[PDB]
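Everything below concerns the one structure shown next.
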Amino acid sequence: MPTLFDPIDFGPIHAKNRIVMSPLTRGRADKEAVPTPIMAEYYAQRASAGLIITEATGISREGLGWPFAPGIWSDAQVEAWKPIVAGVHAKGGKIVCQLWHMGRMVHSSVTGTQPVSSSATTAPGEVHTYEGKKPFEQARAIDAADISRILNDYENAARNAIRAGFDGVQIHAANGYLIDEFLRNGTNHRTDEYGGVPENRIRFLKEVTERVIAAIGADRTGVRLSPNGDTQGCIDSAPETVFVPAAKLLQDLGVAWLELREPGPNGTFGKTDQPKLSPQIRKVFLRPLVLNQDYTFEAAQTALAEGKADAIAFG
Ligand SMILES: [Hg+2]
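Residue numbers for the sequence shown follow the deposited numbering, so the first one is 1 and each next one is one higher.
Put into structure tokens, the structure is as follows:
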């Protein structure tokens with residue numbers, strides 16, 4: 001029965017309503033990925049929304065390949081977010097920081113290093129750089145040390161989020177970035193614990209999630225997933241083999257909520273779940289499920305009313 005105007009809770013986060021502002025990568029931060037004063041206003045305007053998820057924010061330079069994106073590994077960065085975050089709260093808002101490791105979707109001319117991924121692969125297309133576009137470089141496959149470091153940067157990133165004042169964190173595990181790369185058999189060829197069976201493709205996610213929930217609480221922790229990707233075109237043959245278990249695990253670990261990004265209804269009047277994911281995921285994940293599609297309001301108001309999701313994302 002709920003509507004977009006009804007309250008909802010994300011763990012301890014008492015969201016005023018069921019709208020989620022989840023911005024695309026504005027890209028207006030400085031070259032050291034420190035937020036800037038414009039960003040205060042950009043975020044403060046969106047305070048009316050039940051909850052705000054930030055633009056995806058780097059946990060590490062290695063993982064941040066997008067020019068002028070912000071991050072949150074540094075003390076400087078934390079200090080910059082602070083006023084931005086407090087701006088939002090002043091206006092009675094809620095806001096949660098989105099944790100990005102781009103994986104293989106970066107260029108070493110920006111990260112200063114070779115792209116890292118679950119396995120040594122090369123993404124298709126070109127990549128943006130402060131010098132304009134370029135051929136993707138092959139990646140190198142993460143090893144145990146790397147993993148331990150990456151895991152470090154995620155935990156630090158979350159902790160730093162809470163230091164700046166975020167009401168929580170969302171682990172970005174979606175859109176063919178680093179965690180996604182591990183989950184997909186096509187991007188993951190490892191023969192260690194982290195590869196092979198579905199249960200192993202899942203391990204990397206588990207381990208990231210575990211650190212984070214250990215660090216600030218499963219009740220302040222969300223994950224974003226995107227089985228058919230972030231874009232018109234793709235359709236995962238059998239998303240129940242990995243993604244459902246993924247979700248089941250997230251339930252069990254205590255995770256507060258789950259955004260599920262899915263390239264948006266194809267007509268105007270075209271269907272909401274087309275790919276009928278939510279019912280599969282609802283089967284195993286019982287807390288709030290956010291659907292993020294590129295959505296007209298009427299469309300949103302629908303899904304929510306049709307039971308498909310508990311709140312809806314826009315940007
Ligand atoms: Hg994205």
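Where is the CB? At the ideal position from N, CA and C, for every residue including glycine.
Check this for me: beta carbons of residue i and residue j, under 8 Å apart or not?
i, j, result
"residue 118", "residue 18", "no"
"residue 313", "residue 290", "yes"
"residue 116", "residue 139", "yes"
"residue 202", "residue 246", "yes"
"residue 63", "residue 178", "yes"
"residue 183", "residue 255", "no"
"residue 33", "residue 70", "yes"
"residue 210", "residue 253", "yes"
"residue 259", "residue 287", "no"
"residue 262", "residue 212", "no"
"residue 315", "residue 21", "yes"
"residue 105", "residue 176", "yes"
"residue 268", "residue 296", "yes"
"residue 280", "residue 244", "yes"
"residue 278", "residue 309", "yes"
"residue 53", "residue 101", "no"
Residues in the same chain with beta-carbon distance under 8 Å from residue i, minus the five sequence neighbours each way, listed in chain order, please.
i, result
"residue 180", "103, 173, 174, 187, 226"
"residue 15", "7, 8, 9, 50, 51, 94, 311"
"residue 266", "232, 274"
"residue 216", "158, 159, 161, 162, 168, 169"
"residue 165", "81, 82, 85, 86, 89"
"residue 125", "136"
"residue 198", "241, 242, 245"
"residue 214", "155"
"residue 251", "284, 285, 286, 287"
"residue 3", "18, 301, 304, 305"
Please classify residue i: does DSSP put it in a helix, a strand, or coil?
i, result
"residue 140", "strand"
"residue 242", "coil"
"residue 202", "coil"
"residue 131", "coil"
"residue 9", "strand"
"residue 126", "strand"
"residue 113", "coil"
"residue 237", "coil"
"residue 4", "coil"
"residue 187", "coil"
"residue 104", "coil"
"residue 193", "coil"
"residue 231", "coil"
"residue 154", "helix"
With a CB to CB cut of under 6 Å and the five nearest residues on each side skipped, what residues in its chain are close to residue i?
i, result
"residue 305", "none"
"residue 136", "122, 123, 127"
"residue 129", "107, 109, 110"
"residue 194", "200, 203, 204"
"residue 316", "Residue 316 is absent from the structure shown; the chain starts at 1 and stops at 315."
"residue 68", "27, 29"
"residue 234", "228"
"residue 257", "10, 222, 287, 288"
"residue 114", "108, 140"
"residue 326", "Since the first residue shown for the chain is 1 and the last is 315, residue 326 is missing from the structure and cannot be characterised."
"residue 78", "160, 163, 164"
To which residues of the same chain is residue i closer than 7 Å at the C-beta, ignoring the five residues directly before and after it?
i, result
"residue 36", "28, 29, 30"
"residue 157", "59, 72, 73, 99"
"residue 299", "265, 272"
"residue 147", "none"
"residue 42", "26"
"residue 112", "61"
"residue 236", "227, 228"
"residue 44", "87, 88, 91"
"residue 120", "138, 139, 140, 141"
"residue 46", "21, 52"
Pull up the DSSP beta-bridge partners for residue i, would you.
i, result
"residue 119", "BP columns for residue 119 are empty, so no partner."
"residue 224", "172, 259"
"residue 97", "169"
Could you check whether the Cβ of residue i sits closer than 7 Å to any heavy atom belonging to ligand 3?
i, result
"residue 175", "Of the ligands one can find in the structure shown, namely ligand 1, none is ligand 3."
What are the complete beta strand (DSSP E) segments, minimum 3 residues, inside the segment 11 to 94? 13 to 15, 19 to 21, 51 to 53
Enumerated in chain order, which unbroken segments of the beta strand (DSSP E) with a length of 3 residues or greater are wholly contained in the segment 250 to 315? 257 to 261, 289 to 292, 311 to 314
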